[PDB]
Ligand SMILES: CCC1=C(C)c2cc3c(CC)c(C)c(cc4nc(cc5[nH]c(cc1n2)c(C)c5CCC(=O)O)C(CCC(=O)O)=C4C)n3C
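Before any questions on binding or motion, here is one chain by itself as structure tokens, the form deposited without the ligand.
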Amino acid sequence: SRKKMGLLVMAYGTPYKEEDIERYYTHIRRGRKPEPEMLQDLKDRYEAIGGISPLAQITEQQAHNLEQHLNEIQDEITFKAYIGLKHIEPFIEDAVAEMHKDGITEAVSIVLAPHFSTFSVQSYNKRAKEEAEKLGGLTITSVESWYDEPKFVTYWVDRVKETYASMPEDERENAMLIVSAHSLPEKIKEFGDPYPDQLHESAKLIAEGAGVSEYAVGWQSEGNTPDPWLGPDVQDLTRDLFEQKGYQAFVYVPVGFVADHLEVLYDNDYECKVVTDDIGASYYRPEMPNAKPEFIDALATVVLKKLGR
């Protein structure tokens, strides 16, 4: 009785094993192989966060759970998930090619990053659509952003509330909430890219929902291209805010990220933690969504809303 649809789930991608680090970072760096010292540093970082293998598993579990939950909560469509990645196989084009091979003619896509940008989301969507056009007989409707889905806001609001509730009384009254996403080159401004505005809006919505009056917006994980990147960086922001007002606790909500990957487990849980430890403040960073039912229901709602269902 049901219509078949592809569910194209897109993400940055992560190495599968240590021996993938070289090719994965070469791809990120646009063909420039990391030097030996950098390769070694990267391996050490992954070791420090508990290893590589669990990383790509999260993305897989998110796609699987999303597929199953979508199929459970409505009776009109049967979805089949395909994963399409930017920096490692299966590439976006591979996923579209497989949908076509499997006889999918209608699909909906979503990127596992809640804010629209020209650099990432728009590029992924365009790439998916271009391959579908090349192959023919398959159309894709694409989710562009989802940071403002109420169920998603509620996820983080509730995690934040729990974190503040857990604090000793003196911290609860002298904390700062830092809401962040992956930095991008400032030059996206030239195109009117709403990415920064959307991060600020995520921050406002989460702080408001949680009843937190003192918060700030920062960026993290900037690449090394010569042109300026969006700032301030969370490490600098933390110290600046401390020097300015003396906060006893910092709560990090990397809302731009959806899982326990290197840019949270290392860029927050290590790099930010260095700074909080140095200044004598308490470090908190509530659970990432990962593949938890609350987050999966949020994504499901996003997809069904995009289809008018």
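From 1 onward, residues are counted along the sequence shown.
Beyond what is shown, the protein has a form deposited with the ligand bound; the following relates to that form.
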* Asked: Where does the ligand sit in the deposited complex: which of 29-37, 64-72, 278-286, 237-245, heavy atoms within 4.5 Å?
  -> 29-37
* Go through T163, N125, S202, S221 and name the one with a heavy atom inside 4.5 Å of the ligand in the deposited complex. => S221
* Identify which of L42, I52, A249, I58 has a heavy atom within 4.5 Å of the ligand in the deposited complex; exactly one of them does. => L42
* Residue contact check: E169 to the ligand in the deposited complex, 4.5 Å heavy atom -> no
* **4.5 Å heavy atom contact, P185 to the ligand in the deposited complex** => yes
* Answer yes if any heavy atom of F119 is within 4.5 Å of a heavy atom of the ligand in the deposited complex; otherwise answer no. => yes
* **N174, heavy atom within 4.5 angstroms of the ligand in the deposited complex** => no
* Asked: Along 257-276, which positions have a non-hydrogen atom within 4.5 Å of the ligand in the deposited complex?
  -> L262, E263
